Each structure stands twice: as structure tokens, then as C-alpha cells.
Amino acid sequence: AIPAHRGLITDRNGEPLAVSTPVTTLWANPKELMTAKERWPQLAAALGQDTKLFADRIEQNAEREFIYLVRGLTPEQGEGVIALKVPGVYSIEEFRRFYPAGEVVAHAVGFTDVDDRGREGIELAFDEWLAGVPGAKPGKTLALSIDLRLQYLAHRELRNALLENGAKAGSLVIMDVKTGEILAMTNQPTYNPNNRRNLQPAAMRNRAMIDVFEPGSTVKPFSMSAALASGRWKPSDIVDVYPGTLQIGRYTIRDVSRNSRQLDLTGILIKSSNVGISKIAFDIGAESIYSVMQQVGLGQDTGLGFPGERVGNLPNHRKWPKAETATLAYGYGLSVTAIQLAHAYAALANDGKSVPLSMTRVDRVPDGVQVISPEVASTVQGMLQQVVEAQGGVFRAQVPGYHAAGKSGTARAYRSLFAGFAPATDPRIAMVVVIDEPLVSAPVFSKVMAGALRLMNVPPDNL
Ligand SMILES: *C(=O)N1C[C@H](NOS(=O)(=O)O)CC[C@H]1C(N)=O
């Protein structure tokens, strides 16, 4: 079996992320080795192996005709060994993977097993494209959708934010709302795929795709989309939330800011009123809200074929009582990933058209599905822009130079969420920030979005 050169993984711009690099493996015929047995200690020594352990192995495999001595040496370490002229000690020309961007893109790229077979991330998800057949024809080059500049910016800013708010884990997703491309996907903690002899299993977790949480107030825009499509609600319509609590038989819904009476629909998002969103949910029914949430992909299969990727659960109760109707509308009757939430915000930002997710470079954009009507999506866009701009809004998420739109929330162990997109008047990027915890994340959205849009030469719309 003559191993094949493995396809190069680059980022969307050609920066190398996984490189098949030639190495020398030394193998040995044990039967031939029992012949040159006064040579073993020199072989053992030049292999870094204990003389008696080395002798025990050879003696143990005395029957066999093929064993490995060392895998993956550089071509002149193995050159030095066979230059010792030991009978029965030969060569096999293999390839080892090296990951030049290291821990910056570890979870997305993944890595190979000892036999150069895809074991995590893109390396696994596209193993057949990348492998090609042993002898021996070489695998195929793959350009990810990741932009290493945006990835590094997200990685650096997310790690800082965890160090600021004393947090341990978290993730950040950046998406092209127009093409479906995942421009950045970064997790903390992360790990160096070039030195994974010693890496904890918690840092191996691709949180953005695996960590499932109730998204809370971040799905209020979708509950509000259902409201605007029902035909019973215009943006300037009024809901009375006084006194910030609402009794549902036994349950009591409680707002965080209990300082309002009448709120228009934008006000319900600015103040993030569970009372107001529930009252609207009672009026329109949970079926409409479930439908928008399912249509934008919340709790649905992302279809990336990514290893480990989880789906969450959007339960289709078919008929919802009042309590489950409200708990769905303000985001605790479902479970999602950061990737699903970003895809949903992408659909909202892309004038209600959902373009399918892609972890590889998209040259020919597939046609999307109009999942939210363009009028409703553009209305909700304006409301979310008011959530960031307006008085009492999430000011720490404002992006200097541009108009940004978005929604904070608390996920549920809790996590701070910010989901948003920019620029508000011709959106290009959706972003989801997840910081695990024992408006933390709105500043990170601000920093990372400011840089991402500038890296993409997106002209300021705040003129
Ligand atoms: C949303 O996640 N929730 C509703 C409310 N919104 O506040 S926020 O704008 O900081 O997200 C308070 C937090 C949470 C909830 N506990 O119901």
C-alpha cells in the first residue's frame, strides 16, 4: 500500500490550513532482524527506544514479517537510520499532516489519525475528496469558506473576552448572509492539532456545533416575524405589559425590566419583554411561531455533514397550551446550536431568504428559500437596528462606522448570547457570540463585527 498525498486544505483565500508533508517511516522484517541481532542496540539507540524493550518487541514478533519501528520521521532522520545498514530495516514513504494556523482553526479543520485518515472536523467531513486512492493518485485541494483573517480576529477577540469576564468556554460564528458561507467559527478553549499527544477532551469540543442551549430572547425576532406575517400586528401596535408580570394559571411570566406599561412591537424587543412577546404569542398562536422557527432552521439539520454536529430540538406540540405557547415565543421551549442561530439570523438579514450553510468556498451561490417574507424581514431588521441604536438599547453592541442590528439574550448553566448582523441597511454578515457563565457578549460582537466588515471592505452605511 503506497500512501497517497493528501489534498491541501486552504482557507477561502488560499492560506494553507492543513498540509500533507512527506515523512519517512522505517519498518522492519523481524525474521530478517533475528539475523543482525548484534545491530539491535544501535538501531534501538537511533530510534530512541530502550534496548531491552526494543529487543522484547522483536523477539515477541518473531513469527511476523512486518512491524513498524517509527512513523513520521523527517526524510533525513529516516535517512540516517537506514544509512546504518541494518539487515531487514527498510523504508515506506508516507505523508504527515501539519496545521500551520494551529489552534486558531483547530475545530473547523480537524485532523487525521496516525494513518492519515480524517478523524475530526473538515479532515473527516471531506475525507474522500481529500484522500484519493493509495497505491496511487493524490487527493484534491479544498478551499474552506473560512476567512483566516476573520477567524483570527474572532479567535483573538473571543479569548480576550473570556479573560475579561472570567469565563472558561465560548464560541463565535461569522456567516456571509448572502452566500451561506461560514466565514469564521471559533471555540474556546481550543487546542494545537500539531501536538495532540497531550490535549484535554473539553478543548476538543466544537462548541459552536455541539453545545446545545435554549436560545432565550434571541428568538424573539422570529416570534415577532410570525406576528407581522399573521396580519394582526403592525410595528406601531401596542401591548400593555404592566406591571412586568403575567400569571398563566400557576406559572408567572416575569420581565427583567418592569418599568413599562404600553410598548409598541419595537419596544418589546428593546426592553426584551417576555410579557409582551407572550401576549402577542397568545394572540397569534404558537403554530405560526413554530413555523417561522423551523423554516429558519432552529432545531433542524444544518446539512453540513459535519462530524459531531448536533441538531437540538424544536418540539412540534401540534397544539400548544398557553404556558408552552409563551415559553416557545421567548425562547425556552426549544434547543439550538450557535450555528443554527447564526443561520437563522442570516436568513433574517438576507431579506428573509435562507441560503444553505456551507463550510467550503461557495463560488456559485445556490438559490435560497424565501422563509420569511421580504417585507416582514425588512421590518424586523429595522426593529433589531433600533434594539442597538435606541435609548435604553444594547449600546455596547453599536459598531462605529456602521449601523448594526441584533438582540442579546441569556441561554440556558447559563450563557450570554448576542446575535446580530451588519450593516443594517444592506446586511452582509451575521454573527453569534456565546460566552458561558457561572451583555457580556455585545461588546465582542461590536469589536469582531467592526473588524470583519473592514476586512471585507464593506463601505460604512452610517453617513
Ligand atoms: C432573554 O434571554 N431573556 C429575557 C430578558 N431579556 O434581557 S436581555 O436583553 O439582556 O437578553 C432577560 C434575560 C432572559 C430571561 N431570563 O428571560
# chains A, B, ... in the order shown; residues from 1 in each chain; ligands from 1
>>> residues_near_ligand(ligand="ligand 1", cutoff="7 Å", atoms="only C-alpha atoms and all ligand atoms", output="PyMOL selection string")
chain A and resi 215-218+255-256+271-274+407-411+439
>>> closest_atom_pairs(of="segment 104-172 of chain A", to="segment 452-461 of chain A", cutoff="9 Å", atoms="only C-alpha atoms", output="tab-separated table")
residue	atom	partner	partner_atom	distance
A:149	CA	A:455	CA	7.5
A:150	CA	A:452	CA	5.7
A:153	CA	A:452	CA	7.7
A:154	CA	A:452	CA	8.5
>>> write_last_selection(atoms="C-alpha atoms", output="compact mmCIF listing (two decimals), in the first residue's frame")
# COMPACT_ATOMS: atom_id res chain seq x y z
CA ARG A 149 -8.23 36.91 8.82
CA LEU A 150 -11.78 36.96 10.23
CA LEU A 153 -9.85 38.26 14.66
CA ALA A 154 -12.75 36.26 16.16
>>> closest_atom_pairs(of="segment 336-392 of chain A", to="segment 299-308 of chain A", cutoff="9 Å", atoms="only C-alpha atoms", output="Markdown table")
| residue | atom | partner | partner_atom | distance |
| --- | --- | --- | --- | --- |
| A:336 | CA | A:299 | CA | 5.3 |
| A:337 | CA | A:299 | CA | 7.9 |
| A:339 | CA | A:302 | CA | 8.2 |
| A:340 | CA | A:302 | CA | 6.9 |
| A:343 | CA | A:302 | CA | 8.6 |
| A:356 | CA | A:302 | CA | 8.0 |
| A:357 | CA | A:304 | CA | 6.7 |
| A:358 | CA | A:304 | CA | 6.6 |
| A:359 | CA | A:304 | CA | 7.2 |
>>> closest_residue(among="A:286, A:144, A:372, A:106", to="residue 187 of chain A", atoms="only C-alpha atoms")
A:106
>>> select_by_dssp(residues="segment 237-330 of chain A", states="alpha helix (DSSP H)", output="PyMOL selection string")
chain A and resi 265-270+274-284+286-295+322-329
>>> atom_distance(atom1="atom CA of residue 9 of chain A", atom2="atom CA of residue 195 of chain A")
18.6 Å
>>> residues_around(residues="residue 85 of chain A", least_positions_apart="2", cutoff="12 Å", atoms="only C-alpha atoms", output="PyMOL selection string")
chain A and resi 33+36+39-40+42-43+78-83+87-91
>>> residues_around(residues="residue 51 of chain A", least_positions_apart="6", cutoff="8 Å", atoms="only C-alpha atoms", output="list in words")
residues 40, 41, 44 and 45 of chain A
>>> atom_distance(atom1="atom CA of residue 377 of chain A", atom2="atom CA of residue 360 of chain A")
26.9 Å
>>> atom_distance(atom1="atom CA of residue 108 of chain A", atom2="atom CA of residue 130 of chain A")
15.1 Å
>>> residues_around(residues="segment 17-30 of chain A", least_positions_apart="4", cutoff="9 Å", atoms="only C-alpha atoms", output="PyMOL selection string")
chain A and resi 5-11+34-35+58-59+61-79+81-82+87-102+105+109+111+116+123+148
>>> select_by_dssp(residues="segment 264-398 of chain A", states="strand (DSSP E)", output="VMD selection string")
chain A and resid 264 353 to 354 369 to 370
>>> write_last_selection(atoms="N, CA, C and O atoms", output="compact mmCIF listing (two decimals), in the first residue's frame")
# COMPACT_ATOMS: atom_id res chain seq x y z
N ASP A 264 -44.86 49.48 22.03
CA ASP A 264 -45.10 49.02 20.67
C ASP A 264 -44.17 47.84 20.38
O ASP A 264 -43.37 47.42 21.22
N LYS A 353 -34.47 35.42 3.11
CA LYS A 353 -34.10 34.32 2.23
C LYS A 353 -32.94 33.55 2.86
O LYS A 353 -31.88 34.12 3.14
N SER A 354 -33.15 32.26 3.10
CA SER A 354 -32.16 31.42 3.75
C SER A 354 -31.34 30.71 2.67
O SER A 354 -31.88 29.92 1.89
N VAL A 369 -34.30 29.77 -0.03
CA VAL A 369 -35.73 29.69 0.16
C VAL A 369 -36.16 30.98 0.85
O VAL A 369 -35.60 31.35 1.89
N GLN A 370 -37.14 31.66 0.27
CA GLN A 370 -37.85 32.73 0.97
C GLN A 370 -38.62 32.12 2.14
O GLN A 370 -39.71 31.58 1.96
>>> residues_around(residues="segment 241-254 of chain A", least_positions_apart="3", cutoff="9 Å", atoms="only C-alpha atoms", output="PyMOL selection string")
chain A and resi 257-263+273-276+278-279+322-323+326
>>> write_last_selection(atoms="N, CA and C atoms", output="compact mmCIF listing (two decimals), in the first residue's frame")
# COMPACT_ATOMS: atom_id res chain seq x y z
N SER A 257 -36.89 44.04 33.07
CA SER A 257 -37.08 45.47 33.27
C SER A 257 -38.58 45.70 33.37
N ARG A 258 -39.07 45.91 34.58
CA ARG A 258 -40.51 46.05 34.81
C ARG A 258 -40.86 47.52 35.02
N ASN A 259 -40.55 48.31 33.99
CA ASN A 259 -40.67 49.77 34.03
C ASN A 259 -41.56 50.30 32.91
N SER A 260 -42.45 49.49 32.36
CA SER A 260 -43.24 49.98 31.25
C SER A 260 -44.70 49.57 31.40
N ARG A 261 -45.55 50.27 30.67
CA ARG A 261 -46.94 49.87 30.55
C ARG A 261 -47.15 49.50 29.10
N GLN A 262 -47.45 50.50 28.26
CA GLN A 262 -47.63 50.27 26.84
C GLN A 262 -46.28 50.26 26.13
N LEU A 263 -46.09 49.23 25.28
CA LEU A 263 -44.92 49.09 24.42
C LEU A 263 -45.39 48.77 23.02
N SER A 273 -39.16 42.21 26.53
CA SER A 273 -40.27 41.91 27.44
C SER A 273 -40.83 40.52 27.13
N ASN A 274 -40.65 39.58 28.06
CA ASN A 274 -41.33 38.29 27.92
C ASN A 274 -42.84 38.44 28.02
N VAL A 275 -43.33 39.39 28.83
CA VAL A 275 -44.78 39.60 28.94
C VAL A 275 -45.36 39.99 27.59
N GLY A 276 -44.76 40.99 26.95
CA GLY A 276 -45.28 41.43 25.67
C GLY A 276 -45.20 40.37 24.59
N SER A 278 -45.24 37.12 24.95
CA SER A 278 -46.23 36.09 25.26
C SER A 278 -47.62 36.54 24.87
N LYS A 279 -47.96 37.79 25.22
CA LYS A 279 -49.29 38.29 24.91
C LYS A 279 -49.55 38.24 23.41
N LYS A 322 -51.20 27.59 26.87
CA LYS A 322 -50.72 28.97 26.99
C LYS A 322 -49.28 29.04 27.49
N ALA A 323 -48.91 28.19 28.45
CA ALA A 323 -47.57 28.26 29.04
C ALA A 323 -46.51 27.84 28.03
N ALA A 326 -46.10 30.59 25.38
CA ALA A 326 -45.24 31.71 25.77
C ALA A 326 -43.77 31.27 25.86
>>> closest_residue(among="A:376, A:342, A:433, A:114", to="residue 223 of chain A", atoms="only C-alpha atoms")
A:376
>>> closest_residue(among="A:191, A:418, A:126, A:233", to="residue 345 of chain A", atoms="only C-alpha atoms")
A:418
>>> residues_around(residues="residue 235 of chain A", least_positions_apart="4", cutoff="9 Å", atoms="only C-alpha atoms", output="ChimeraX atom specification")
/A:228,264-266,379-380,383
>>> write_last_selection(atoms="N, CA, C and O atoms", output="CSV table (one decimal), in the first residue's frame")
chain,number,residue,atom,x,y,z
A,228,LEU,N,-45.8,39.6,12.6
A,228,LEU,CA,-46.0,40.6,11.4
A,228,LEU,C,-46.6,39.9,10.2
A,228,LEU,O,-47.2,40.5,9.4
A,264,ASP,N,-44.9,49.5,22.0
A,264,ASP,CA,-45.1,49.0,20.7
A,264,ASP,C,-44.2,47.8,20.4
A,264,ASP,O,-43.4,47.4,21.2
A,265,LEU,N,-44.3,47.3,19.2
A,265,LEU,CA,-43.6,46.0,18.9
A,265,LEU,C,-42.1,46.1,19.0
A,265,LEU,O,-41.4,45.3,19.6
A,266,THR,N,-41.6,47.3,18.5
A,266,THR,CA,-40.2,47.5,18.7
A,266,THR,C,-39.8,47.7,20.1
A,266,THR,O,-38.7,47.2,20.6
A,379,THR,N,-38.8,44.7,8.0
A,379,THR,CA,-39.4,45.4,9.2
A,379,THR,C,-38.6,44.9,10.4
A,379,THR,O,-38.2,45.8,11.2
A,380,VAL,N,-38.5,43.6,10.6
A,380,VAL,CA,-37.8,43.1,11.8
A,380,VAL,C,-36.3,43.6,11.8
A,380,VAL,O,-35.8,43.9,12.9
A,383,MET,N,-36.4,46.9,13.4
A,383,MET,CA,-36.6,46.8,14.8
A,383,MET,C,-35.3,46.4,15.5
A,383,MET,O,-34.9,47.0,16.5
